[PDB]
Every structure is written in structure tokens, then in C-alpha cells.
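Hydrogens, waters and symmetry mates play no part in the numbers below; they use all other heavy atoms, side chains included. Chain letters run A, B, ... following the sequence lines, proteins first and then strands; every chain starts at 1.
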Amino acid sequence: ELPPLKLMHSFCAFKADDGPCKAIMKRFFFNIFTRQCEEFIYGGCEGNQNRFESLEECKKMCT
Amino acid sequence: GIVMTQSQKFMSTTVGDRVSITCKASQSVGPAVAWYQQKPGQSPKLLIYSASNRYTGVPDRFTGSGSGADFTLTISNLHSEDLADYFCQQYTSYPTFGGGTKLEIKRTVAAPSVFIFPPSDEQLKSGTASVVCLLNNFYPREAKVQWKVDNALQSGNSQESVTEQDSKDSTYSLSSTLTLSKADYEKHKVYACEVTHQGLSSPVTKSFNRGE
Amino acid sequence: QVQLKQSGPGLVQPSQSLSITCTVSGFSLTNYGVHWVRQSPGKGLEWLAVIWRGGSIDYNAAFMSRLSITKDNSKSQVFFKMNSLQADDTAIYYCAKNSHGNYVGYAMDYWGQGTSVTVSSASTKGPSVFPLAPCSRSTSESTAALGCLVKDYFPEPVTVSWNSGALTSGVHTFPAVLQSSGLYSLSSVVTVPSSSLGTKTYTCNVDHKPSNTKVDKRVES
């Protein structure tokens, strides 16, 4: 079984970044103003580490 | 994307010494840097993540350091099994990798032993002549082969390749092939390969006369 | 124990598609993303894409329009496809497990064995094997060289041994070169005692699996 690896909680602090590409992909980020995990549309490329596939993953990581 | 630059393509090292490999990012990447080890024929292995965390089971002689744009992998006590290529990686906007740093063993200078092989009659039957020059077991890696046909300097009609450092004596070897048509090969007599290397006080030439 | 096993043909004709299956074990695709990375002498390691546990994909923008990544969780399989390959897509292609579950921003801890992809229109062809024997040596040289030239085969790789594997000391088998013709050529040499040349035999054993060509070539003096 796979041991837990150390996580970088500063990854929750970036602004949401849709990136430059034009796909329509639902992702989640921790919003440092509202202090809540929120949905945003990701274009499929680039961005930053404040990008989670599901709300619960964002909540587990960031709240 | 972010460019990761490893300024040292090759480092000469000694077993038991400390070795430090540097990597610079084209702009700040915070701590999101990993290091990988790779040997020929094998896939990368993960050593370090988030700049300074050793991955599961990695020997504690490996340390990662750095933040922002400058990162360093340090081996405190080089083991033979650590001779390998090492790559840094950042993962901010997306993963990008450095160019690699290959560790090699430092040893004394060794001149090449030079051999030249004429084309075989079997090959000539079929229209092509390959002449081969072997530079055997030399150190360091930098070496130069010049082909001459009846004293004419050849340019553009040879290809060469080099072996990795030898696991037993830490030398390199090199093979160069001059390719001519059978018609051209039969138009000339003297086939020579001239080798320049640091271990040779002056260039060495090995030759044969087509026929003889 | 984590494993990623790749399958799929690596020879791709110009502008055709590449398809690779990554079959994983020791972890679930329901918990981890799987990355695709390639490695070439010219461009080094280049990341292409990742498929996260719920099927969402992040792409390298330079490849996004010709990449298709799918998976079958129940079968522990990820399917990589890249369209319209060009000569500069020749590389080793890897799948690799995300180190940190379903999270962006860390590393790739377990890698597949790789798929060597060649983009070329050359026809598959076994090698001709020619002897490498010098015209002369000095009577004062206690060591002599010989070899085999393994010429005009496609695609990579070939394996060469000497004396059916019994002769390993002094052997150098060189990286192949790609010739103008689109075919590869490689040399394998060995140095041996000069006094052995009259009384011992030296045979190079060549195997080119893509063409099912095996040749055993005895080399004289």
C-alpha cells in the first residue's frame, strides 16, 4: 500500500487561472476571498496548482 | 512554459565525494520541483519532490534544496550505483524537465588504440564499401577522426558513434564509418584514419592500401 | 507493488497515428492520475498530458489538438493516441503514475517501461552482416581487433553477442547510426589476444527480431 506523501498547502493560495486554451472543463479552486472552494472553467492547458477535479478534493486539500 | 536549465551536461566525479547538481528555472516556481535519476535503457526514477522531500526508500545521502528559481540536488557520498543521468522538473503551469546532468567517473588520461578495417569482399560484391576506424578505450571522451583517401581530406561521408563509459575501466570507445561506392573505392589506393586525442602527443594515423 | 506495462506497436508511418495501452497494477485509476511523457535525444523529456481519476484531461498546448486519452478503470487500462506523427515525434513514450493522488503540482513516481516509437516510411528489413578484420597488425601487438558490421536494417533494435555469449570481455557494441537511406548500421568489435587468432574461433551472433533475422557470422583474422 502506498504511503502518504507530503502535500503543499500553499497550492491553495493562487488565483484561479483558466489558461490560454479553449476547452470547457469544470474544475474547482480555493477562492482566497470567499474562503470557499468554487467551480471554474478550465481551458485544458497551463494554469496553476489551485485546480482540483472535484469539489470534495478541493475541500480536503484546502479547507 | 517554464524552462528548466541544467548548466552542466556532464560532471566528472569520484566515488566517495560530494556532488552537487544545479538547476535554474526561467522564473520562480516556488517549491514545486522534483528530481529524477535515469540510467541507459531504463525509465526515470523519482528521488525528490517539492524541492526537498526524499521519495520513499531513496538513500538519505540524497538532499534537495532550493526555492524560487535555483535548485540543487546533492549526493553527500557518491556511490558507484549513483552514476546516472539526473533531471530536474517543475510542475506549476505544467510539467517541464531540465536537459539532464550525466555523472561520469574521473580517471587518468588514456590514449586510444586505433584500428582500421577495410571493406569485406562480401560487401564489395554488392556495390558499397564501408571502411571502419575503431578508437578503443580512451579517456576523456573528446576525440577527433579525420578520414583521408589518397591524402584527400574526406568531409561529409562518414558517421560515428561512441559507447558509454566502460563499467570496468571507465574509458570510451568510438567507431567511425566512411561510406563510398564500390566504383569510388576502387579508384583509390590509400585509406587512412587520423586520430587526434589528448593522450596522443601528436596525431596517429592507421592506413591500408586497397589490395596489399 | 506498483507496475505500469505498456503495449502497442512503435513503428508509425508518416502522418499516421500512435496507439499505446498502459496497464497498471498495484494502484487504481480511480485514485490516481496517469501522465504521458516522451523522451528524445533532440527534445529531451517532454510532458504531453495527464488523465485524472474522474477522466478529466490536462494537455500540453502544443499537442492538444492531436491527442486522445481514454481509460477503462475496471481493466486498469489507459489508452494513449496521438495523430499525424512526423519524423520529429520519434521518441520513447512513457506512461507514469502521479505521485500525489489526484493533485496537480508534484511528480511522477512510477513509470512504464517505455515504447520506442519510430516515425518512418522505411520497409522492415534484416541486416547484412560483414566481417571487420584488419589488413595487418604489428608483430609486437599482443592484442588484436575484429568485429562485425551490421548494416542496412530497419527498424531498431539489433542485439549482438560474441561466441554465443561466452565472450564478453573486450566487447564494444556501438550505438547504431541512421543512414541517408533510412536504414540503420551498427558495429560490434572485440579485442582478443593476437596469439589466439590462429587457434580460436570468433563468431558474432546477430538477432533482428522485427524481421525475425538471426545470423551467426564467423570472422576470420
Checking heavy atoms, do the side chain of [X], its backbone, both or neither come under 4.5 Å from chain B?
X: C:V104; result: both
X: C:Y59; result: neither
X: C:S187; result: side chain
X: C:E141; result: side chain
X: C:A107; result: both
X: C:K151; result: side chain
X: C:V129; result: backbone
X: C:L146; result: backbone

Mind checking the [atom1]-[atom2] spacing from [X] to [Y]? Nearest 0.5 Å is all I need.
X: C:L178; Y: B:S161; atom1: CG; atom2: OG; answer: 12.5 Å
X: C:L45; Y: B:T96; atom1: CG; atom2: OG1; answer: 10.5 Å
X: C:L132; Y: B:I116; atom1: CG; atom2: CD1; answer: 11.5 Å
X: C:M108; Y: B:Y91; atom1: CE; atom2: OH; answer: 6.5 Å
X: B:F97; Y: C:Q39; atom1: CZ; atom2: CD; answer: 9.0 Å

_Counting heavy-atom pairs closer than 4.5 Å to chain B, which one of C:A62, C:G170, C:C135, C:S185 comes out on top?_
C:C135
Most heavy-atom pairs under 4.5 angstrom with chain C, which of [options]?
options: B:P119, B:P118, B:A34, B:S50; answer: B:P118
options: B:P95, B:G99, B:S120; answer: B:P95
options: B:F87, B:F117, B:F115, B:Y55; answer: B:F117
options: B:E164, B:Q159, B:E212, B:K206; answer: B:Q159

*Any side-chain heavy-atom pair from B:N136 and C:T191 closer than 4.5 angstrom?*
yes
*Check whether any side-chain heavy atom of C:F174 sits under 4.5 Å from a side-chain heavy atom of B:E160, and report yes or no.*
no
*Test C:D58 against B:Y94 for side chain to side chain donor-acceptor pair (under 3.5 Å), laying out the working first.*
CA-CA 9 Å; C:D58 304 340; B:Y94 62 92; over 6 Å; no
*For B:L46 and C:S99, which heavy atoms make the closest approach, and how far apart are they?*
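In this case the closest contact between B:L46 and C:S99 is CD2-CB, 4.5 Å.
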*What's the shortest heavy-atom distance between C:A145 and B:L134, and which atoms?*
CB-CD2, 4.3 Å
If you count heavy atoms of other groups shown closer than 6.0 angstrom to [atom1] of [X], is the number above 12?
X: C:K81; atom1: NZ; value: no
X: B:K45; atom1: NZ; value: no
X: B:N151; atom1: CG; value: no

Measure distances from [X] to the heavy atoms of chain C and classify the residue's part below 4.5 Å as side chain, backbone, both or neither.
X: B:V33; value: neither
X: B:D169; value: neither
X: B:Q42; value: backbone
X: B:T128; value: side chain
X: B:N53; value: neither

*Between B:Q123 (side chain) and C:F130 (backbone), is there a donor-acceptor pair under 3.5 Å?*
no
_Side-chain (B:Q89) to main-chain (C:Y106) donor-acceptor, under 3.5 angstrom_ =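 Looks like yes, one N/O pair under 3.5 Å.
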*Mind checking whether B:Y36 and C:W111 have parallel, tilted or perpendicular rings, split at 30° and 60°?*
perpendicular
*Donor-acceptor pair between C:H172 and B:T163 side chains, under 3.5 angstrom*: no
